[PDB]
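upload.cif follows (mmCIF, C-alpha atoms):
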data_protein
#
loop_
_atom_site.label_atom_id
_atom_site.label_comp_id
_atom_site.auth_asym_id
_atom_site.auth_seq_id
_atom_site.Cartn_x
_atom_site.Cartn_y
_atom_site.Cartn_z
CA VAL A 6 10.10 -3.13 -21.13
CA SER A 7 11.74 -2.84 -17.70
CA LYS A 8 12.45 -5.83 -15.48
CA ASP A 9 9.95 -4.32 -13.01
CA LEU A 10 7.01 -4.09 -15.49
CA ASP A 11 7.65 -7.58 -16.96
CA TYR A 12 6.57 -9.13 -13.61
CA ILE A 13 2.91 -8.79 -14.64
CA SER A 14 3.31 -10.61 -17.95
CA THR A 15 1.25 -13.76 -18.57
CA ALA A 16 4.61 -15.43 -19.31
CA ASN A 17 5.73 -14.98 -15.66
CA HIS A 18 2.85 -16.95 -14.06
CA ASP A 19 1.18 -20.40 -13.82
CA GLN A 20 -1.86 -19.30 -11.77
CA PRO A 21 -4.01 -16.14 -11.50
CA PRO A 22 -3.14 -13.31 -9.12
CA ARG A 23 -3.28 -14.73 -5.58
CA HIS A 24 -5.60 -11.94 -4.40
CA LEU A 25 -8.27 -12.90 -6.99
CA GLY A 26 -11.38 -14.17 -5.21
CA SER A 27 -10.23 -12.83 -1.82
CA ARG A 28 -9.39 -9.14 -2.19
CA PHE A 29 -11.41 -8.54 -5.37
CA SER A 30 -13.68 -10.30 -7.85
CA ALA A 31 -12.92 -11.07 -11.52
CA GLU A 32 -14.70 -7.83 -12.41
CA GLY A 33 -12.36 -5.86 -10.14
CA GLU A 34 -14.81 -5.16 -7.33
CA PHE A 35 -13.31 -5.19 -3.83
CA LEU A 36 -14.48 -7.89 -1.43
CA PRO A 37 -14.87 -8.02 2.36
CA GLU A 38 -11.40 -8.53 3.87
CA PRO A 39 -11.30 -6.69 7.22
CA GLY A 40 -8.15 -5.66 9.03
CA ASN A 41 -6.19 -2.83 10.52
CA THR A 42 -3.03 -0.97 9.53
CA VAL A 43 -0.89 2.14 9.92
CA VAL A 44 -1.03 4.36 6.84
CA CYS A 45 -0.49 7.92 5.61
CA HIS A 46 -3.37 9.18 3.47
CA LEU A 47 -2.88 11.91 0.86
CA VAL A 48 -4.05 15.42 1.71
CA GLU A 49 -7.37 15.93 -0.12
CA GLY A 50 -7.24 18.82 -2.60
CA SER A 51 -3.43 19.17 -2.38
CA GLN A 52 -1.25 19.54 -5.49
CA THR A 53 0.27 16.14 -4.61
CA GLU A 54 -3.14 14.51 -4.77
CA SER A 55 -4.01 16.21 -8.08
CA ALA A 56 -0.71 15.08 -9.59
CA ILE A 57 -1.31 11.47 -8.50
CA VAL A 58 -4.88 11.57 -9.79
CA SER A 59 -3.54 12.67 -13.20
CA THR A 60 -1.13 9.72 -13.26
CA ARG A 61 -4.01 7.43 -12.26
CA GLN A 62 -6.01 8.79 -15.25
CA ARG A 63 -3.23 7.99 -17.72
CA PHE A 64 -3.50 4.43 -16.40
CA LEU A 65 -7.31 4.39 -16.79
CA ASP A 66 -6.83 5.62 -20.40
CA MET A 67 -5.16 2.33 -21.30
CA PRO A 68 -7.27 -0.53 -22.67
CA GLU A 69 -5.64 -2.87 -20.12
CA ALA A 70 -7.18 -0.77 -17.34
CA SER A 71 -9.98 -3.32 -17.73
CA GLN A 72 -7.58 -5.88 -16.15
CA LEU A 73 -6.87 -3.68 -13.12
CA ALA A 74 -8.94 -3.00 -10.02
CA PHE A 75 -8.55 0.67 -9.14
CA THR A 76 -9.10 1.80 -5.57
CA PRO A 77 -11.05 5.01 -4.79
CA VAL A 78 -9.16 8.30 -4.92
CA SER A 79 -10.17 8.99 -1.30
CA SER A 80 -8.49 5.69 -0.23
CA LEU A 81 -5.03 6.54 -1.56
CA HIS A 82 -2.35 6.04 1.05
CA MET A 83 1.16 4.89 1.73
CA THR A 84 1.20 2.04 4.26
CA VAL A 85 3.78 2.60 7.00
CA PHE A 86 3.26 -0.69 8.87
CA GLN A 87 0.74 -3.43 8.02
CA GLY A 88 -1.58 -4.48 10.84
CA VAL A 89 -3.55 -7.74 10.84
CA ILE A 90 -6.03 -8.93 8.23
CA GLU A 91 -8.82 -11.53 8.14
CA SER A 92 -7.21 -13.33 5.20
CA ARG A 93 -3.87 -13.95 6.94
CA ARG A 94 -4.44 -15.43 10.39
CA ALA A 95 -0.91 -16.78 10.81
CA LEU A 96 2.46 -16.03 12.39
CA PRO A 97 4.56 -13.96 11.64
CA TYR A 98 1.70 -11.76 10.37
CA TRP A 99 -0.11 -11.87 13.72
CA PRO A 100 0.96 -11.18 17.31
CA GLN A 101 1.90 -14.46 19.02
CA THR A 102 0.20 -13.20 22.21
CA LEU A 103 -3.24 -13.36 20.52
CA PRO A 104 -5.26 -16.39 19.44
CA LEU A 105 -5.24 -16.76 15.63
CA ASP A 106 -9.07 -16.75 15.67
CA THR A 107 -9.43 -13.46 17.60
CA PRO A 108 -12.07 -11.27 15.92
CA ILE A 109 -10.48 -8.44 13.93
CA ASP A 110 -12.29 -5.84 16.08
CA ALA A 111 -10.76 -7.25 19.28
CA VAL A 112 -7.29 -7.05 17.75
CA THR A 113 -8.04 -3.41 16.83
CA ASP A 114 -8.95 -2.72 20.51
CA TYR A 115 -5.74 -4.41 21.79
CA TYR A 116 -3.69 -2.23 19.49
CA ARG A 117 -5.61 1.02 20.08
CA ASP A 118 -4.76 0.53 23.76
CA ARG A 119 -1.14 -0.44 23.17
CA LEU A 120 -0.63 2.47 20.76
CA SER A 121 -1.78 5.03 23.36
CA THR A 122 1.85 5.26 24.53
CA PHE A 123 3.49 5.37 21.05
CA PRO A 124 6.41 7.83 21.23
CA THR A 125 6.75 11.09 19.33
CA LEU A 126 9.04 10.41 16.36
CA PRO A 127 10.39 12.88 13.80
CA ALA A 128 8.50 13.69 10.62
CA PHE A 129 9.70 12.25 7.34
CA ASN A 130 9.35 13.21 3.69
CA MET A 131 8.95 10.66 0.88
CA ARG A 132 9.42 10.92 -2.91
CA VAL A 133 8.30 8.78 -5.85
CA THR A 134 11.09 6.77 -7.49
CA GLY A 135 9.21 4.40 -9.83
CA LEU A 136 5.85 3.68 -11.45
CA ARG A 137 4.24 0.39 -12.39
CA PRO A 138 0.66 -0.60 -13.25
CA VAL A 139 -0.17 -1.18 -9.58
CA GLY A 140 1.09 2.25 -8.48
CA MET A 141 4.04 4.25 -7.15
CA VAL A 142 7.27 3.03 -5.61
CA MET A 143 8.67 5.42 -2.99
CA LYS A 144 11.63 6.06 -0.79
CA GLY A 145 12.72 8.78 1.62
CA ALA A 146 13.12 12.19 -0.04
CA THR A 147 16.64 12.10 1.43
CA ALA A 148 18.74 9.25 2.85
CA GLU A 149 17.99 10.60 6.33
CA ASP A 150 14.24 10.18 5.66
CA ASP A 151 14.83 6.48 5.03
CA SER A 152 16.45 6.23 8.45
CA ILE A 153 13.55 8.08 10.09
CA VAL A 154 10.78 5.96 8.55
CA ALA A 155 12.75 2.81 9.44
CA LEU A 156 12.67 3.99 13.07
CA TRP A 157 8.90 4.39 12.88
CA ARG A 158 8.59 0.83 11.54
CA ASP A 159 10.94 -0.70 14.09
CA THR A 160 8.96 1.02 16.81
CA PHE A 161 5.67 -0.23 15.34
CA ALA A 162 7.05 -3.78 15.28
CA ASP A 163 7.51 -3.52 19.06
CA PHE A 164 3.93 -2.30 19.57
CA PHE A 165 2.33 -4.72 17.12
CA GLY A 166 4.42 -7.65 18.40
CA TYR A 167 5.47 -9.14 15.06
CA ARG A 168 7.70 -8.47 12.05
CA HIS A 169 7.10 -9.67 8.49
CA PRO A 170 9.93 -11.43 6.59
CA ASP A 171 10.53 -8.30 4.49
CA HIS A 172 10.58 -5.96 7.53
CA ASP A 173 14.05 -4.53 6.88
CA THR A 174 13.75 -4.60 3.06
CA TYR A 175 10.23 -3.18 2.90
CA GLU A 176 9.21 -1.46 -0.35
CA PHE A 177 7.19 1.67 0.33
CA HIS A 178 4.48 2.34 -2.22
CA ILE A 179 1.14 3.90 -2.99
CA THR A 180 -1.28 1.43 -4.54
CA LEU A 181 -3.30 2.75 -7.46
CA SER A 182 -4.64 -0.66 -8.53
CA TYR A 183 -4.50 -4.41 -8.20
CA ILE A 184 -3.74 -6.74 -11.10
CA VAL A 185 -6.89 -8.79 -11.82
CA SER A 186 -5.50 -10.68 -14.84
CA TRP A 187 -1.95 -10.83 -16.17
CA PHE A 188 -1.01 -8.65 -19.16
CA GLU A 189 -0.26 -10.06 -22.60
CA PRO A 190 3.38 -9.25 -23.45
CA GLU A 191 2.53 -7.32 -26.65
CA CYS A 192 1.16 -4.29 -24.74
CA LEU A 193 4.16 -3.98 -22.43
CA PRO A 194 6.34 -1.64 -24.52
CA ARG A 195 3.44 0.83 -24.65
CA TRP A 196 2.93 0.63 -20.87
CA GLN A 197 6.67 1.13 -20.33
CA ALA A 198 6.72 4.21 -22.51
CA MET A 199 3.73 5.69 -20.66
CA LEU A 200 5.11 4.77 -17.21
CA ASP A 201 8.41 6.47 -18.08
CA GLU A 202 6.69 9.63 -19.29
CA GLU A 203 4.27 9.76 -16.32
CA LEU A 204 6.98 9.10 -13.73
CA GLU A 205 8.95 12.13 -14.86
CA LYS A 206 5.78 14.27 -15.00
CA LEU A 207 4.78 13.15 -11.50
CA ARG A 208 8.26 13.77 -10.03
CA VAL A 209 8.12 17.36 -11.30
CA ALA A 210 4.54 17.98 -10.17
CA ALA A 211 5.00 16.35 -6.76
CA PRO A 212 8.73 16.30 -5.92
CA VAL A 213 7.76 15.25 -2.41
CA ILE A 214 4.57 13.31 -1.82
CA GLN A 215 2.64 15.39 0.66
CA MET A 216 0.76 13.16 3.12
CA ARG A 217 -1.09 13.14 6.40
CA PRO A 218 0.77 12.00 9.54
CA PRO A 219 0.78 8.22 10.11
CA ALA A 220 -2.46 6.88 11.55
CA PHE A 221 -3.66 3.55 12.89
CA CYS A 222 -6.75 2.66 10.83
CA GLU A 223 -9.34 -0.05 10.40
CA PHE A 224 -10.87 -1.21 7.12
CA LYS A 225 -13.58 -3.56 5.83
CA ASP A 226 -12.02 -3.77 2.37
CA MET A 227 -9.59 -1.81 0.17
CA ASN A 228 -12.03 1.05 -0.41
CA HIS A 229 -11.73 2.99 2.86
CA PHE A 230 -9.42 3.30 5.86
CA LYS A 231 -10.96 4.86 8.96
CA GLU A 232 -8.43 6.69 11.13
CA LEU A 233 -8.56 5.66 14.78
CA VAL A 234 -5.28 6.95 16.25
CA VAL A 235 -3.29 9.73 14.60
CA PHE A 236 0.43 9.97 15.31
CA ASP A 237 0.77 13.72 14.76
#
Before anything else, please render the file you have as structure tokens.
Amino acid sequence: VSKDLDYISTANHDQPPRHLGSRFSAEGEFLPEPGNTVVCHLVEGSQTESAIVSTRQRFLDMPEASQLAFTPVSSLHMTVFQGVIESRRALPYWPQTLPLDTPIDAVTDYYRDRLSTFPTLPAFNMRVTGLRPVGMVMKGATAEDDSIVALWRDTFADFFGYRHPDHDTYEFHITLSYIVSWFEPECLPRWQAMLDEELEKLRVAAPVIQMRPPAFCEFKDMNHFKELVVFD
């Protein structure tokens, strides 16, 4: 069992997942939690998407899938820069220029306007480097890609008018699920063996993760991200 997978063990926690009751119910159904964000969706029908969907099925095959809240296939995305969200009306997760009680839709309008002058930045390619029950860890396909996506994020920080504490150490990922209840330790070696096998299968099938260009989106909940401004 890797250090990374052991995070989700019952032994590592004294309270349920913090998202429980806000982002999703105990039965793994997603709850209203509106916000906005910049993300790259997968390309529907692409070999990348099919590969990821196969990985996602290996996860669903596990009995502990019952303790995970899987998002829809059509929602799959890599976040490039988090926007605001109803559940986190606080600095430094909010622009200081806006009242903390501003309706989410008004923040979306402020940003749609501000993002009308977003500069053309170079394209980047990403690759999958790890797997865990919640999804895929990613980095730049090459070291130069890391530098390019960091430039996108630094530029977004200027437009959005805040930076999170992890801004410079941000872990790129694609979420396949949320943990609803922590895993008993006895099933972990099996998950590790499957994650190892599926990671290598995924890396071969999708050696770069094909995606759409970054887009500023709004959402009601984790099920769907409506593209408002595409940075293509």
Q.
Excluding residue 223 in chain A and its own-chain neighbours fewer than 4 positions away, which residues fall within 6 Å of it when counting all atoms listed in the file? Please give them as a VMD selection string.
A. chain A and resid 40 to 41 230 to 231
Q) What's the 7 Å shell around residue 214 in chain A, counting all atoms listed in the file, without same-chain residues fewer than 3 positions away, as a PyMOL selection string? A) chain A and resi 53+131-132+211
Q: Counting all atoms listed in the file, note down every residue that has an atom within 10 Å of the point (-0.7, -2.1, -21.1) (file coordinates), as a PyMOL selection string.
A: chain A and resi 10+13-14+64+66-72+138+188-200
Q. Looking at A:139, A:65, A:85, A:233, which one is nearest to residue 184 in chain A, with distances taken over only C-alpha atoms?
A. A:139
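Here CA of residue 90 in chain A stands at a distance of 27.9 Å from CA of residue 127 in chain A.
The closest residue to residue 213 in chain A, picked from A:81, A:47, A:96, A:109 and counting all atoms listed in the file, is A:47.
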Q.
So that I can check the surroundings of residue 36 in chain A, please list as a ChimeraX atom specification every protein, DNA and RNA residue that reaches within 10 Å of it, counting all atoms listed in the file and ignoring chain neighbours fewer than 2 positions away.
A. /A:25-30,33-34,38-39,225-228
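For the pair CA of residue 20 in chain A and CA of residue 32 in chain A, the separation is 17.2 Å.
Atom to atom, CA of residue 46 in chain A and CA of residue 63 in chain A stand 21.2 Å apart.
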**Q.** Given all atoms listed in the file as the counted atoms, nearest of A:80, A:220, A:167, A:210 to residue 180 in chain A
**A.** A:80
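Minimum atom-to-atom distance to residue 201 in chain A, evaluated using all atoms listed in the file, belongs to A:135 out of A:100, A:135, A:75, A:43.
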(Q) Which residue is closest to residue 142 in chain A? Choose from A:178, A:94, A:18, A:229 and count only C-alpha atoms. (A) A:178
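The residue that comes closest to residue 206 in chain A, out of A:152, A:59, A:7, A:160 and on the basis of all atoms listed in the file, is A:59.
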Q: Compile the contact shell of residue 128 in chain A as a PyMOL selection string: residues with an atom at most 9 Å away, counting only C-alpha atoms, same-chain residues fewer than 5 positions apart removed.
A: chain A and resi 150+153-154+218+237
(Q) Can you spell out as a list in words the set of residues that the PyMOL selection byres ((chain A and resi 166) around 12) selects in the structure I just provided? (A) residues 86, 87, 88, 89, 96, 97, 98, 99, 100, 101, 102, 103, 112, 115, 116, 119, 120, 158, 159, 160, 161, 162, 163, 164, 165, 167, 168 and 169 of chain A
Each side padded by 4 Å, which centre and which edge lengths in Å (one decimal) define the axis-aligned box around the listed atoms of range 56-73 of chain A? Give them as JSON.
{"center_x": -5.3, "center_y": 4.6, "center_z": -15.6, "size_x": 17.3, "size_y": 29.0, "size_z": 22.2}
Would you save range 64-83 of chain A to a file, keeping N, CA and C atoms, as an mmCIF file, in the first residue's frame?
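Output file out.cif is given in full below:
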data_model
loop_
_atom_site.group_PDB
_atom_site.id
_atom_site.type_symbol
_atom_site.label_atom_id
_atom_site.label_comp_id
_atom_site.auth_asym_id
_atom_site.auth_seq_id
_atom_site.Cartn_x
_atom_site.Cartn_y
_atom_site.Cartn_z
ATOM 1 N N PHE A 64 -12.510 0.792 -11.285
ATOM 2 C CA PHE A 64 -12.802 1.312 -9.947
ATOM 3 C C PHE A 64 -14.226 0.913 -9.527
ATOM 4 N N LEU A 65 -15.190 1.079 -10.437
ATOM 5 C CA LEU A 65 -16.577 0.686 -10.166
ATOM 6 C C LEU A 65 -16.690 -0.818 -9.868
ATOM 7 N N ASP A 66 -15.793 -1.628 -10.432
ATOM 8 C CA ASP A 66 -15.822 -3.090 -10.193
ATOM 9 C C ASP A 66 -15.577 -3.443 -8.738
ATOM 10 N N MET A 67 -14.913 -2.554 -7.995
ATOM 11 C CA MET A 67 -14.515 -2.843 -6.631
ATOM 12 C C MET A 67 -15.719 -2.705 -5.699
ATOM 13 N N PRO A 68 -15.799 -3.579 -4.679
ATOM 14 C CA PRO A 68 -16.889 -3.449 -3.722
ATOM 15 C C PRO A 68 -16.900 -2.087 -3.028
ATOM 16 N N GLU A 69 -15.721 -1.514 -2.788
ATOM 17 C CA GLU A 69 -15.637 -0.209 -2.112
ATOM 18 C C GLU A 69 -16.064 0.961 -2.994
ATOM 19 N N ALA A 70 -16.420 0.677 -4.246
ATOM 20 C CA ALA A 70 -17.026 1.704 -5.097
ATOM 21 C C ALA A 70 -18.280 2.279 -4.438
ATOM 22 N N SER A 71 -18.910 1.470 -3.583
ATOM 23 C CA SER A 71 -20.084 1.900 -2.837
ATOM 24 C C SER A 71 -19.796 3.042 -1.854
ATOM 25 N N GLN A 72 -18.514 3.265 -1.557
ATOM 26 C CA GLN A 72 -18.052 4.327 -0.647
ATOM 27 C C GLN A 72 -17.502 5.539 -1.390
ATOM 28 N N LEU A 73 -17.696 5.551 -2.701
ATOM 29 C CA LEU A 73 -17.201 6.607 -3.587
ATOM 30 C C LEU A 73 -18.364 7.217 -4.332
ATOM 31 N N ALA A 74 -18.283 8.516 -4.594
ATOM 32 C CA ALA A 74 -19.294 9.214 -5.373
ATOM 33 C C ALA A 74 -18.682 9.549 -6.718
ATOM 34 N N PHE A 75 -19.076 8.800 -7.744
ATOM 35 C CA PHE A 75 -18.515 8.988 -9.083
ATOM 36 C C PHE A 75 -19.259 10.096 -9.802
ATOM 37 N N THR A 76 -18.507 10.945 -10.487
ATOM 38 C CA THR A 76 -19.065 12.018 -11.290
ATOM 39 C C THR A 76 -19.411 11.474 -12.691
ATOM 40 N N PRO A 77 -20.291 12.164 -13.428
ATOM 41 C CA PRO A 77 -20.655 11.670 -14.767
ATOM 42 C C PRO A 77 -19.467 11.662 -15.729
ATOM 43 N N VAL A 78 -19.449 10.714 -16.654
ATOM 44 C CA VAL A 78 -18.396 10.696 -17.654
ATOM 45 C C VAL A 78 -18.319 12.033 -18.401
ATOM 46 N N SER A 79 -19.464 12.627 -18.725
ATOM 47 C CA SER A 79 -19.446 13.869 -19.498
ATOM 48 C C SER A 79 -18.908 15.082 -18.711
ATOM 49 N N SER A 80 -18.737 14.923 -17.392
ATOM 50 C CA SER A 80 -18.199 15.989 -16.532
ATOM 51 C C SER A 80 -16.698 15.942 -16.379
ATOM 52 N N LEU A 81 -16.049 14.891 -16.872
ATOM 53 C CA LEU A 81 -14.623 14.712 -16.598
ATOM 54 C C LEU A 81 -13.796 15.867 -17.134
ATOM 55 N N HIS A 82 -12.889 16.358 -16.292
ATOM 56 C CA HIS A 82 -12.111 17.531 -16.651
ATOM 57 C C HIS A 82 -10.884 17.618 -15.780
ATOM 58 N N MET A 83 -9.889 18.346 -16.263
ATOM 59 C CA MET A 83 -8.784 18.762 -15.417
ATOM 60 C C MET A 83 -8.988 20.242 -15.115
#
